[PDB]
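Step one of this worksheet: look at the structure below.
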Amino acid sequence: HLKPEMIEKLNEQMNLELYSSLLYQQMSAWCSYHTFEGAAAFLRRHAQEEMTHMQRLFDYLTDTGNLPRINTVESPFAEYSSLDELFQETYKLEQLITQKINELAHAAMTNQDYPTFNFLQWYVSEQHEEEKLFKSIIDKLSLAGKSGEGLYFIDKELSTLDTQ
Amino acid sequence: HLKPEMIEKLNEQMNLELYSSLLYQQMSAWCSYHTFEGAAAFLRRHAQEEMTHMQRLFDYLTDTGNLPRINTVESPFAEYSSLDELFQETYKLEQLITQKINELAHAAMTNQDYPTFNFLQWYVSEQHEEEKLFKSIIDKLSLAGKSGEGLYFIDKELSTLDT
Amino acid sequence: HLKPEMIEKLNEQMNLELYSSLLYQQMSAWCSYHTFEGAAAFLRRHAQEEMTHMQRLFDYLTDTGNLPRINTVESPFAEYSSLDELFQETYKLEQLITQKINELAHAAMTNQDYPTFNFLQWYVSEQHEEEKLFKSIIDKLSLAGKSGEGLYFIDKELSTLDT
Amino acid sequence: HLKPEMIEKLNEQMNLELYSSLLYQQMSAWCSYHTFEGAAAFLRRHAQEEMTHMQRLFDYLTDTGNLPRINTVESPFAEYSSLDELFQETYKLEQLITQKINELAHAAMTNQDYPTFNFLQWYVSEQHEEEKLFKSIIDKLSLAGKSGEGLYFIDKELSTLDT
Amino acid sequence: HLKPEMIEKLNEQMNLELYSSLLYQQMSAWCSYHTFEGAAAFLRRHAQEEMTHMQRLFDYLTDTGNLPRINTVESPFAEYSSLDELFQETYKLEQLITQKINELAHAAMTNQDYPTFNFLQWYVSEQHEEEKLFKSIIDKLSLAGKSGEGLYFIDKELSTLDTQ
Amino acid sequence: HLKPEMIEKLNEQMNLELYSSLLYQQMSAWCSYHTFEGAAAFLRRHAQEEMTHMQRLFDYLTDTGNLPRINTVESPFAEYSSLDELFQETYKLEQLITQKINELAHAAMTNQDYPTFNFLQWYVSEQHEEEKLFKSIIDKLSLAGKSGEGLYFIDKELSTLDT
Amino acid sequence: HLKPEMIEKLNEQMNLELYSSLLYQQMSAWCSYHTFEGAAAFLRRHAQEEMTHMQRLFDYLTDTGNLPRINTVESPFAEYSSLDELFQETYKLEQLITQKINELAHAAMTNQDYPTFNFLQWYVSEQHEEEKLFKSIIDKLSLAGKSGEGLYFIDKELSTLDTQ
């Protein structure tokens with residue numbers, strides 16, 4: 001009893017959360033391969049977090065009598081020139097996700113779908129936290145990332161970052 | 001480190017496990033949509049388990065100096081005519097995984113890759129457990145799955161199976 | 001404080017929740033009378049839950065300087081041809097409540113009543129949970145409700161459902 | 001010590017108990033193969049119990065200065081047309097054991113072997129409990145065993161019966 | 001989905017483990033009859049251990065969709081001239097069992113049956129332990145077994161041997 | 001018992017592990033003398049670890065009715081130009097140890113010595129972990145090892161690494 | 001600091017303790033091969049003890065600014081005609097160690113090396129314990145070691161000797 005438009009938008013965001021999980025997972029291999037073991041462990045944990053975001057959309061869709069649908073997932077494989085460029089990409093992905101959540105909420109308002117607007121609030125709030133988390137990592141690299149010694153400590157901080 | 005043939009079969013297996021995870025995820029949606037909430041909960045738990053099979057291959061690739069590559073995943077989306085057909089498919093999928101693992105083990109032997117052969121034993125053993133679990137569900141469905149009532153109870157058992 | 005239109009839709013919703021409580025109470029009598037004691041126990045618990053939905057609207061009206069008014073309640077008394085028809089009706093009632101809440105939320109927006117919009121989110125969220133609970137009971141009845149035996153078991157599940 | 005006739009009937013009974021253990025073991029294989037995993041688990045536990053009946057006769061023979069002799073055991077392998085036929089056979093086997101014990105008790109009396117008569121009371125009493133357990137399983141199968149669904153539930157009960 | 005050859009080999013080893021249980025049980029009567037109560041108790045416990053080896057093959061066969069089959073079991077009855085000869089026989093039985101496990105593993109390799117090769121590893125490892133256990137008993141008898149006083153202490157050590 | 005070839009390769013690997021222990025021990029002195037006390041502590045702990053590797057082979061040889069032989073061990077003493085060079089040598093040594101273990105596993109398979117192949121699995125698995133550990137130290141030195149300050153921290157991390 | 005003479009005698013002594021470790025280890029295999037498993041265990045534990053005596057010297061040398069040096073270690077492999085003869089050899093070795101420690105102590109006095117004389121007191125005291133331990137084993141053997149039965153008991157004792 002959601003409108004088809006909203007069902008699909010929700011469904012697409014579910015797929016986006018899935019992609020993001022796999023992108024973070026893939027990025028963790030780049031890190032491991034380039035010796036950034038602590039950044040690898042943060043990314044792997046973050047990948048798992050994103051699956052949780054996926055499952056939550058998946059559950060909203062099944063609970064409203066819909067059939068979520070996992071679409072083709074493009075390969076997340078990429079090359080990065082530095083640890084710094086990899087985290088620039090994570091931050092831009094999180095900004096895209098934020099923007100798609102804003103579009104979903106706007107569409108929910110325009111369609112007068114108050115259940116979905118309310119459901120989305122969890123994501124509005126989480127994306128705020130995500131952008132702070134990923135911006136703080138860029139800010140660390142900016143400040144201390146210009147030597148191997150600096151990278152070595154940031155890598156250590158990443159090994160346990162956000163496990164409060 | 002490892003031979004090109006081994007790296008490639010490992011990487012392909014890691015992708016098959018990822019696919020399996022998503023297929024179980026997708027099937028649990030089919031189950032919720034058709035009111036089998038227990039089966040859905042079991043499929044969802046099992047999706048997560050398959051992800052850990054993926055990760056263990058991912059971590060062996062990275063630990064051996066290689067860069068695991070998550071390839072494009074085909075949509076797991078499908079139609080099933082019955083819960084029974086859906087679990088037939090899970091069992092076939094698990095027999096395919098069993099077979100690819102055995103092929104990987106045999107490649108390891110013939111390439112004299114003892115570290116890989118040893119790594120794979122975890123999968124040989126897990127696949128023995130996977131096939132019993134999925135076959136036993138099919139057996140439940142053969143025995144008691146021909147009425148709503150039976151499905152009802154099987155669905156309930158599935159809601160806590162293997163927990 | 002609040003606009004006349006908002007006070008009135010709130011007050012009407014408070015009365016709909018009261019009615020819902022009594023209707024569930026009345027249905028639990030139909031269930032006891034027809035030997036479905038489990039369904040009766042579940043309906044009785046749910047009647048109490050609906051009363052708390054009533055009270056929360058009552059308390060928001062009073063907290064905003066208004067005097068909530070319990071209007072005459074129509075008799076919830078009715079005949080049902082089956083336990084299945086009875087639960088069809090509970091689900092329709094819950095979809096009607098969902099719809100009135102969404103109308104109330106929309107009125108809140110268009111009146112730029114942000115305190116009321118915020119108060120209503122508790123109901124939007126509760127109604128999402130109500131519809132799943134009632135739909136799942138209907139699904140149980142579709143699957144296993146066509147024999148005495150199935151009803152027996154469904155009745156037993158209902159006796160502890162959502163506790 | 002004991003008379004030749006007593007030593008021999010004891011030794012034969014010890015072999016019948018061994019055979020019974022293996023027959024229950026073998027039946028549990030038939031049950032697993034046909035998907036009755038609960039019945040299989042119960043048969044397997046019961047096989048172990050029959051082994052302890054064997055051992056107690058073994059230990060009485062040795063304690064009385066005799067050398068117990070495990071004779072050749074016939075293959076317990078067989079085909080059954082149904083789980084019901086299989087449990088019919090367990091019950092017949094248990095009635096045969098009951099009868100051989102009673103013959104042994106009577107031989108003990110007529111040989112004025114009071115130590116043996118006293119030793120055998122453990123078996124008289126155990127056989128009373130064995131026949132109730134096996135008869136009750138047959139009764140479950142008569143009552144609810146005519147559908148997949150019933151078998152399903154009976155199988156589940158068997159998985160924890162007498163534990 | 002195991003090959004018939006492997007199913008039968010597994011099945012035969014199951015029967016061998018069963019025989020061995022009954023042989024140990026039978027040997028314990030010889031011991032009791034000849035007053036070696038402690039050796040009797042070790043043998044009875046070992047007989048139970050061998051049944052466990054049987055059940056494990058039995059379970060692998062049922063779990064792979066096969067029907068294990070208990071065959072005719074020959075009588076284990078024998079005469080022994082001494083406690084020492086009885087333990088020579090236990091050691092040779094364990095060497096036979098070891099060899100049949102090696103043949104089963106070789107056949108598994110040749111057939112490319114990696115599940116069965118992996119299953120058999122438990123037995124490769126156990127048989128290593130078994131041969132040490134039974135060799136140590138022969139070594140005790142060799143060293144201290146030549147008098148009744150010696151036999152009396154070895155019999156006492158046997159009464160609680162391998163119950164760690 | 002085992003074949004002469006297997007006995008000899010096992011004995012030679014026992015000796016290689018012993019040598020490795022003493023090399024780590026000697027390298028720890030180089031590190032102490034050049035003020036890398038944390039590196040020295042890690043190397044001392046690892047020398048003890050390699051001693052356990054030696055023992056497990058010694059014990060397999062004795063348990064199989066053989067007589068292990070500790071051969072003459074050449075002095076492990078050497079000059080290192082840097083801490084980075086020393087750790088490059090430890091990694092090369094672990095690679096050699098891994099390769100010998102793989103040649104031993106191979107010889108076991110082709111001699112059909114399944115007991116030894118099984119025994120060697122512990123080493124296959126251990127050498128996988130040894131290589132990850134020693135490669136990670138060289139990776140730390142590569143990232144952070146180019147200033148006294150960086151060496152200072154790596155040395156700290158090494159003082160408790162892998163405990 | 002440390003005079004050359006002292007550094008050398010200390011390093012030699014480190015190497016003798018390393019040799020003694022390996023000799024005890026090699027002797028345990030002899031015991032194992034001849035079925036004296038309790039003796040083998042004792043010697044394996046004692047080879048570990050000697051290694052700690054090696055390490056304590058190693059650390060004294062490094063702590064005084066020297067570079068201890070592990071020299072070539074000659075094969076400890078030997079034939080022993082009996083368990084008794086093997087323990088006669090361990091006793092003689094321990095007397096040699098005692099004597100080398102006393103020569104080191106004397107060298108430390110002659111050279112006015114009070115730090116080293118102090119360091120060596122651990123060894124003086126230890127070697128007094130070592131000699132009692134290995135003498136007591138020979139004394140068990142001369143008393144009860146002339147029958148297989150006697151040997152079986154001493155072997156049992158050896159299996160847990162010196163463990164608290």
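Note on naming: letters A, B, ... go to the chains in the order of the sequence lines (proteins, then strands), and numbering restarts at 1 for each one. The basis for the numbers below is simple: all heavy atoms, side chains too, and nothing from hydrogens, waters or symmetry mates.
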Handout entry: Check against side-chain contact (heavy atoms from CB on, under 4.5 Å), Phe119(C) and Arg56(C)
Key = CA-CA 10 Å; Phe119(C) 165 82; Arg56(C) 165 186 289 270; 3.6 Å; yes

Practice task
Apply side-chain contact (heavy atoms from CB on, under 4.5 Å) to the pair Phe42(B) and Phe87(B), showing each step before the final yes or no.
Solution key: CA-CA 12 Å; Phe42(B) 165 81; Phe87(B) 279 108; 4.2 Å; yes

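With hydrogens and angles ignored, the 3.5 Å screen pairs no side-chain donor or acceptor of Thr116(C) with any backbone N or O of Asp113(C). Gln26(B) contributes no side-chain N or O that, together with a main-chain N or O of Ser75(B), makes up a donor-acceptor pair within less than 3.5 Å. Distance alone, capped at 3.5 Å, is enough to place a donor-acceptor pair between the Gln121(C) side chain and the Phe117(C) backbone. Without hydrogens or angle criteria, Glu149(A) side chain to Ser147(F) main chain gives no donor-acceptor distance under 3.5 Å. Judged purely by atom type and a 3.5 angstrom limit, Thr64(B) uses its side chain to pair as donor or acceptor with the backbone of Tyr60(B). A distance-only check finds no donor-acceptor pair linking the side chain of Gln25(A) to the backbone of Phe58(B) [under 3.5 Å]. The backbone N or O of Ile138(C) lies less than 3.5 Å from a partner atom in the side chain of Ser142(C), making a donor-acceptor pair.
Residue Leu10(B) holds its CG atom at 5.5 Å from CG of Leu61(B), rounded to the nearest 0.5 Å. Atoms CG and CD1, on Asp84(B) and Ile137(B) in that order, are 11.5 Å from each other to the nearest 0.5 Å. From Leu133(C), atom CG reaches atom NE2 of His128(C) across 12.0 Å, with rounding to the nearest 0.5 Å. Remark: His53(B) NE2 to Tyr123(B) OH distance equals 7.0 Å, nearest 0.5 Å. Put simply, OG on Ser159(A) and CZ on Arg45(A) are 7.0 Å apart, with the number rounded to the nearest 0.5 Å. Here the straight-line distance linking atom CD of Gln127(C) with atom CH2 of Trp122(C) works out to 8.5 Å at 0.5 Å rounding.
Residues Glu49(C) and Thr52(C) come closest through the heavy atom pair O-OG1, 2.6 Å. Shortest non-hydrogen contact noted between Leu22(B) and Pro76(B) is O-CG, 3.7 Å. For the residue pair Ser20(B) and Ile97(B), the shortest heavy atom distance occurs at OG-CD1, 3.2 Å. Contact record, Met54(C) with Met14(C): CG-O, 3.4 Å, taken as the closest heavy-atom pair. Closest approach of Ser125(C) and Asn118(A) over heavy atoms only: CB-OD1, 4.1 Å. Across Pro115(A) and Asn102(C), no two heavy atoms sit closer than the pair CD-OD1, 3.4 Å.
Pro68(A) has its side chain out of reach of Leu57(A): every pair of non-hydrogen atoms, C-beta onward, lies at least 4.5 Å apart. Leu18(A) has its side chain within reach of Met51(A): a pair of non-hydrogen atoms, C-beta onward, lies under 4.5 Å apart. Two residues are said to be in side-chain contact when any heavy atoms from C-beta on lie closer than 4.5 Å; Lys140(F) and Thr35(A) fail this criterion. Considering only heavy atoms from C-beta on, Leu23(B) comes within 4.5 Å of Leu93(B) through its side chain.
Side chain to side chain, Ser21(C) and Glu50(C) fail the donor-acceptor criterion of an N or O pair below 3.5 Å. Under the 3.5 Å distance criterion, with hydrogens and angles disregarded, a donor-acceptor pair is assigned to the side chains of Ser32(B) and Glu37(B). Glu103(A) and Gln99(A) form a side-chain donor-acceptor contact under 3.5 Å, judged by distance and modelled atom types alone. A donor atom on one side chain and an acceptor atom on the other are not found under 3.5 Å apart for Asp59(C) and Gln55(C).
Residues passing the side chain to side chain donor-acceptor pair (under 3.5 Å) test with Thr90(C), sequence neighbours excluded: none.
Residue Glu74(A) places its CD atom among 12 or fewer non-hydrogen atoms of other residues, nucleotides or ligands, all under 6.0 Å distant. Heavy atoms of other residues, nucleotides or ligands lying less than 6.0 angstrom from NZ of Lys3(C) number 12 at most. At most 12 non-hydrogen atoms from other residues, nucleotides or ligands lie less than 6.0 angstrom from NZ of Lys100(B). In the displayed structure, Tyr91(C) atom OH is contacted under 6.0 Å by more than 12 heavy atoms of other residues, nucleotides or ligands. At most 12 heavy atoms of other shown residues, nucleotides or ligands fall within 6.0 angstrom of atom OH in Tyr33(A).
Applying the side chain to side chain donor-acceptor pair (under 3.5 Å) rule to pairs touching residues 4-16 of chain A yields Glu5(A)-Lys9(A), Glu5(A)-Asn111(A), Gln13(A)-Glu17(A), sequence neighbours excluded. Within the structure, the salt bridge (charged side-chain N to carboxylate O under 4.0 Å, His left out) test picks out the following pairs touching residues 126-138 of chain A (sequence neighbours left out): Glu129(A)-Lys132(A), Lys135(A)-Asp139(A).
Ring geometry for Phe134(A) versus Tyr24(A): interplanar angle under 30°, hence parallel rather than tilted (30 to 60°). In this structure, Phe36(A) and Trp30(A) have parallel ring planes: the angle between them is below the 30° cut-off, well short of the 60° mark.
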